[PDB]
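Chain residues, written in single-letter form:
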Amino acid sequence: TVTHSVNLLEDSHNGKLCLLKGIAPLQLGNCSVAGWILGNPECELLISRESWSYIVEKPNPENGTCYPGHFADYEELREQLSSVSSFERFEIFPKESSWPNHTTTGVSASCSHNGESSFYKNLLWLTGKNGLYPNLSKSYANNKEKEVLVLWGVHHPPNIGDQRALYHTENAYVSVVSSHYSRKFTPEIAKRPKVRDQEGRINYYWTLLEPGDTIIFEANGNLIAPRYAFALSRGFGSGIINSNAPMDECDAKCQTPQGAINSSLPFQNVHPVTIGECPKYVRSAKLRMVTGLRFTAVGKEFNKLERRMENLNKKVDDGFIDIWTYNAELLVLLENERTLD
Amino acid sequence: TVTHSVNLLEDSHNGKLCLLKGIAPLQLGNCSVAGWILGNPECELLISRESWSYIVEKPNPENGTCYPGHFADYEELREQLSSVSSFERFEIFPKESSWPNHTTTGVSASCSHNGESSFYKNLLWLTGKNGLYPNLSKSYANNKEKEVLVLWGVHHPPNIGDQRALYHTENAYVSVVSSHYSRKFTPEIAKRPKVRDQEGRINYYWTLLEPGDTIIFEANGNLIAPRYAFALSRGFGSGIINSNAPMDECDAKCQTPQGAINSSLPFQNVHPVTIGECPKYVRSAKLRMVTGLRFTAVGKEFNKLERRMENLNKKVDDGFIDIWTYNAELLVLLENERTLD
Amino acid sequence: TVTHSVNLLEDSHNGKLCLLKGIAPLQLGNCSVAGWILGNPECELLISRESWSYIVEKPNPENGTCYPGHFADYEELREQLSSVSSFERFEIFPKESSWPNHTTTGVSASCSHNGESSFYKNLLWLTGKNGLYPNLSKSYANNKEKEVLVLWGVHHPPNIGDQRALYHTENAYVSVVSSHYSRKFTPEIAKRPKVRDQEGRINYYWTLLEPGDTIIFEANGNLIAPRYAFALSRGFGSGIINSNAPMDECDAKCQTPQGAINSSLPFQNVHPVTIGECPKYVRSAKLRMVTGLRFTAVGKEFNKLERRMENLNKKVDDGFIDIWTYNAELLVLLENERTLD
Ligand SMILES: *[C@@H]1O[C@H](CO)[C@@H](O[C@@H]2O[C@H](CO)[C@@H](O)[C@H](O)[C@H]2NC(C)=O)[C@H](O)[C@H]1NC(C)=O
Ligand SMILES: *[C@@H]1O[C@H](CO)[C@@H](O[C@@H]2O[C@H](CO)[C@@H](O)[C@H](O)[C@H]2NC(C)=O)[C@H](O)[C@H]1NC(C)=O
Ligand SMILES: *[C@@H]1O[C@H](CO)[C@@H](O[C@@H]2O[C@H](CO)[C@@H](O)[C@H](O)[C@H]2NC(C)=O)[C@H](O)[C@H]1NC(C)=O
Ligand SMILES: *[C@@H]1O[C@H](CO)[C@@H](O)[C@H](O)[C@H]1NC(C)=O
Ligand SMILES: *[C@@H]1O[C@H](CO)[C@@H](O)[C@H](O)[C@H]1NC(C)=O
Ligand SMILES: *[C@@H]1O[C@H](CO)[C@@H](O)[C@H](O)[C@H]1NC(C)=O
Ligand SMILES: *[C@@H]1O[C@H](CO)[C@@H](O)[C@H](O)[C@H]1NC(C)=O
Ligand SMILES: *[C@@H]1O[C@H](CO)[C@@H](O)[C@H](O)[C@H]1NC(C)=O
Ligand SMILES: *[C@@H]1O[C@H](CO)[C@@H](O)[C@H](O)[C@H]1NC(C)=O
């Protein structure tokens, strides 16, 4: 365009999910956030990962909720976990001593691992023993000085005989309480479409038990209790990135779902979603300054019933993306009009 | 302002709801979206309209929900239907063969047509027969390769005798299930203010059964079952316009609630809501460029309990409307300062 | 920077919560909005205040909900009350004649006043009498020509014996109905963490009964009925300000949580939240124009389960704050580049 000029825009991503500042992300792989937290057997991240720089999820992961059901506030949980830099996966309710008189080792084929029927690892499918499902009243007091992510579930069996078998009551209930949180779940029994060869459901629920707060579970049946929980360490700059790009042990300053960015420029256009010390996104292509003469992630953050939000958010993000872009162009269009003197 | 100048702003709307690209809108008239979908008798659009370019609703339509009650996620449904370019109204559950042993032809005065008591046309008010309301288990499998909008309802009668009469049970339930969607409704019996001379209620519910998914209804009473559903064809550019302006068989490129726009200009100010190839809205009035010398609809998108959203959305839309406007003015204010050379 | 210049930015707040246009705010003090509306005894604003220019709340007020429980749509109520310029606190259900055969004067230590156990003042804790809790069916018809804010509550006692004592039924219910509003509450009985030395809960509910609409309460127990309600007078410019700054009987044109603003300038940076005829916020510090040569409140508007909203709103507000700021700077940066001629 002119003899001397400087480009400000970076359009080249290394096409890989590098390290960030020398810390490594968490690759869920086939697994989704729901399976990871719940401990879907196919994930194997449980024992091995507790820290990262960012989380990596694939566009359409299939290994999430193995036993069909509704994961309440799934997207709110995603937004919670975006800011989690690390955590501690601890056995809030030890399987061995917490449930002496309840048949742990409830298992389903819908969650099979290596061919054998199994179940989530961070949860527990309680069932009666010796013909009893005695009322349970287990409690946990968050004394870890970090907010504790607790998971649990309620089994909505397909028929009354199944419930009578698992729990030996027709009219069971699940009560979960804390200092603020109070809720009661009754199982809904009904035949349903046979997802993953299973005709029942499990409703998955969660809450962030704050330090000092005490959470109580009461139940005469239908509880998928927690075996492990998570003590969360919040962190800025981290976040969740949806992508299927490969990784090497490259290190970078910025990261984006298509690839990392390792360049001094202020701007870029590969993708607005970004993590770390990164250039700022624009839609443009031609940011040249003459020197001579002649944010949050997106995509799965909202569910069916929230399409307003998405639209609104689509209206907002996209708006700003345009807005600043224009200004940026204008700024150079001004500056070139000036620095041509 | 100067000898030579070009105006960029269009402030003249033809005051009519023309055709768009030669396709005709859907004029609900007195009827609202709720009555249209539910099939409020006063609408008469059912047999006759299945396609359009945009939907037209009046500010305060009175012919919507004839039998009083809460239409769940009404606004979410509006946002769903904004993107519907057309659909197919089909008899998911034929009245004649789907309910052989249940008294169809339940009717109320609150939905009267031509003086005779009647009922919604896209719904069915089941009632017992021969002293029985046998449990029903009807199912539908979406094999139409398009997402299917299903409607239904639950009758909350004013008193226990009314329920015992209609359904011959005091403790009825309604279970609606799909691959994800699972829900259970119990009728709430109570005397209430006598809206449209009716002391009971009907809670209206809906869902988008995706292709291949199977929806099951179970009930021992209190079901207002569907007679017709809708297979949706999504479409960009379409949308919902709230207005009372008249129509002629004029054709236009753009449309707005006050009137259409047929002009080459890039900008305008008649209304931000617009459909089709349209000039872009601003608040301004004086966009002149010298050549010489000296989005989504709005208004009813949110309910009572969501006034944050509206405020937020009001904060956003109005913001951008201002923002760009300024820039536009600035752009000309700059350009005139330049093109005066 | 240059010999002649004018500053446009105001960075000095008087550090006090003055009057606005000569009208005085409402200082809740220790009390929060919830306690104020509910009538937490420690507030004493009830008899004495019904009008203001704005509301003042402290960052972490401790005197709100005295009897533990969930205040439904608390934040939506805050947003409702932001636009309330005044109201009329009237005894919708007179304690003396509305509940002849129900033991008013239910009291708890969790709401103690001056050492004596007491209870909210705008609510009523009904309890049985002479061994009966006869079904009640009290009603109110809004004939005040202003929307009426109604409050009520449901006692979820810690154990079945407590409920049997207060209400002499194990399976109570609370039905609240209006022309649109219909709802039913069943008490959930469970031992819980002993907040404010209380092991039960009260779920607080509200609604805006519009003029002409009739609200009906039905109950066989567990009702914390209303004693007073509020007829609301909407008003622009008013709002809610969260702060702990002191007050004098100073008068001002604008107000902000850190302090008032009394200055002619168009801009400022002390705080974006503002009330009244105020300069417009920016982040900047150096707005000088040469003449020579060389919105809504924020912070508590959303709850736990809504962190998307907050993020979104944080994304929006902060965005605009930046955006306009830039433009403003640009505008002067342009103008100085021009007015230096
Ligand atoms: C985990 O995902 C795998 C697939 O990624 C599931 O295994 C089977 O995958 C094939 C395709 O490779 C499907 O056709 C099968 O239907 C899958 N199995 C079943 C039983 O349907 C596996 O089921 C998933 N398991 C969990 C726990 O997520
Ligand atoms: C449809 O709306 C019409 C009015 O547009 C309703 O008919 C009556 O309208 C008059 C005013 O013209 C009202 O005073 C009456 O109260 C209305 N009827 C009743 C029974 O109140 C009609 O009821 C509506 N019907 C439906 C099914 O929407
Ligand atoms: C109102 O708030 C006061 C505190 O501002 C509460 O009174 C006690 O305050 C001290 C601290 O000054 C705490 O250590 C005590 O725990 C408080 N009392 C109790 C019983 O815990 C008072 O309880 C509050 N009351 C209401 C109705 O809000
Ligand atoms: C699922 O995970 C397994 C094990 O890592 C892998 O072999 C497979 O490729 C993954 N699924 C897909 C679609 O790649
Ligand atoms: C569990 O059951 C055994 C059965 O003998 C009993 O001895 C024991 O006390 C029970 N423990 C708990 C914690 O319920
Ligand atoms: C309602 O529809 C009827 C029939 O089209 C019409 O006569 C009437 O004018 C409509 N209502 C109003 C207020 O115009
Ligand atoms: C309906 O009832 C009739 C009564 O004789 C019975 O013959 C028939 O089998 C029933 N059909 C269904 C579908 O319930
Ligand atoms: C609570 O209110 C009382 C009475 O006005 C006051 O003495 C006390 O200082 C307030 N609390 C705090 C923390 O200031
Ligand atoms: C209240 O109870 C008394 C008991 O004698 C009875 O006389 C009176 O009719 C009752 N009133 C109401 C309103 O229930």
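For the structure, see preceding data.
The rules behind these values
Residues numbered from 1 in each chain as written, not as in the entry; some residues may be left out. Chains lettered and ligands numbered in written order. Part of a larger assembly, values for the part shown. Heavy atoms only, no water. Contact = heavy atoms within 4.5 Å. Buried area = accessible area lost by both parts, 1.4 Å probe. Salt bridge = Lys/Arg side-chain N within 4 Å of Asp/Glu carboxyl O. Pairing = 2+ DSSP bridges. Helix = DSSP H or I, 4+ residues; strand = E, 2+ residues; numbered from the N terminus. Buried < 20%, exposed > 50% of the residue type's maximum accessible area, 1.4 Å probe, protein only. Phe/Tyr/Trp six-rings, centres within 6.5 Å; stacked < 30°, edge-to-face > 60°. Axes fitted to C-alpha atoms, helices over the stretch in contact; angles between N-to-C directions. Parallel < 35°, antiparallel > 145°, perpendicular 65-115°, else oblique. Left-handed = near helix turned anticlockwise from the far one by under 90°. Nonpolar A, V, L, I, M, F, W, Y, C, P; charged D, E, K, R; others polar. Least-squares fit on C-alpha atoms. Polar contact = N/O pair within 3.5 Å; in protein donor to acceptor, adjacent residues only side chain to side chain.

Contact residues are listed per partner, giving 28 residues for chain C and 36 residues for chain A. When residues of chain C are sorted by the area they lose upon contact with chain A, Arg-307, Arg-308 and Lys-315 of chain C head the list and together hold 28% of the total. Summed over the shared surface of chain C and chain A, the number is four salt bridges. Two residues, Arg-308 of chain C and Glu-306 of chain A, come together in a salt bridge whose shortest N-O distance is 2.6 Å.

A few words now on the sheet that holds strand β20 (residues 260-261) of chain B. Strand pairing in a sheet relies on backbone hydrogen bonds. The paired strands run either parallel or antiparallel. All names here are of chain B. Reading across from one edge, β20-β19-β22 is the order of the three strands in this open sheet, with antiparallel pairing throughout. Each of the sheet's edge strands pairs with one partner strand only, and the pair in question is β20 and β22 (275-276). Pairing between strand β19 (residues 254-255) and β22: two bridges, direction antiparallel. Across the sheet, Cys-254 pairs through a bridge with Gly-276, a residue of β22.

Under the counting rule described, the total for this entry stands at 39 salt bridges over all chains. In this structure, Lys-304 of chain A and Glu-210 of chain B form a salt bridge, with 3.2 Å as the shortest nitrogen-oxygen distance. Linking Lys-304 of chain A in the loop between β24 (288-290) and α5 (307-339) with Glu-210 of chain B in the loop between β13 (201-209) and β14 (214-219), this pair reaches from one chain into another. Take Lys-304 of chain A: its relative accessible area is 42%, and that puts it in the partly exposed class. Taking the shortest distance from any N to any O, the salt bridge between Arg-234 of chain B and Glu-147 of chain B comes out at 2.6 Å. Taken together, the positions of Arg-234 of chain B in strand β16 (residues 229-234) and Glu-147 of chain B in the loop between β9 (139-141) and β10 (148-156) put the pair 87 residues apart, joining distant regions of the chain.

This part takes up the packing of aromatic side chains. All names here are of chain A. Applying the stated criterion across every chain yields a total of 60 aromatic pairs over all chains. On the basis of an interplanar angle of 75° and a centroid distance of 5.5 Å, the ring pair of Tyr-120 and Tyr-204 is categorised as edge-to-face. One end of the pair, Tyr-120, is in the loop between β7 (116-118) and β8 (123-125); the other, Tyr-204, is in strand β13 (residues 201-209), with 84 residues separating them in the sequence. Overall, the relative accessible area of 3% leaves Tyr-120 in the buried class.

Here we come to the packing of helix α5 (residues 307-339) of chain B against helix α5 (residues 307-339) of chain C. Put simply, α5 of chain B and α5 of chain C touch, their axes get as near as 11 Å, and they point 20° apart. It follows that α5 of chain B is roughly parallel to α5 of chain C by the angle criterion. When you trace α5 of chain B past α5 of chain C, the crossing you get is left-handed. The residue inventory of the contact of α5 of chain B with α5 of chain C, partitioned by class, reads 16 nonpolar, four polar and five charged.

Moving on: the sheet that holds strand β20 (residues 260-261) of chain A. All names here are of chain A. Strand order across the open sheet formed by three strands is β20-β19-β22, with antiparallel pairing between neighbours. Two strands in the sheet have a free side with no partner beyond their single neighbour: β20 and β22 (275-276). Looking at chain direction, strand β19 (residues 254-255) and β20 are connected through two bridges and run antiparallel. Looking across to β20, one finds that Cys-254 is bridged to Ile-261.

Right, let's get into the relation of the copies chain C and chain B. Mapping chain C onto chain B calls for a screw motion: a turn of 120° about the axis and a shift of 0.0 Å along it, with 0.0 Å RMSD after fitting. The transformation just described matches what one would write down for a three-fold rotation axis. Among all residues of chain C, the minimum C-alpha distance to the rotation axis is found for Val-316 of chain C, at 4.3 Å.

On to the interface of chain C and chain B, then. In this assembly, 36 residues from chain C lie in contact with 28 residues from chain B. Roughly 2600 Å² of surface becomes buried between chain C and chain B when both sides are summed, with 60% attributable to carbon and sulfur atoms. Inspection of the region where chain C meets chain B yields four salt bridges. Seen at the junction of chain C and chain B, the total is twelve residue pairs in polar contact. At the level of secondary structure, the elements contributing two or more residues to the side of chain C that touches chain B comprise α2 (74-82), β11 (174-177), β12 (182-185), β13 (201-209), β14 (214-219) and α5 of chain C. For the side of chain C that touches chain B, the element with the most residues is α5 of chain C, which contributes twelve residues. Looking at the side of chain C that touches chain B residue by residue, the class counts come to 13 nonpolar, ten polar and 13 charged.

For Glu-44 of chain A, which is not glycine, the phi dihedral falls at a positive 65°. Relative to the helices and strands, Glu-44 of chain A is located in the loop between α1 (33-38) and β4 (55-57). Phi angles above zero are rare outside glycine, and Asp-197 of chain C is one such case at about 60°. For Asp-197 of chain C, the location among the structural elements is in the loop between β12 and β13. On the basis of relative accessible area, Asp-197 of chain C is assigned to the exposed category, the value being 56%.

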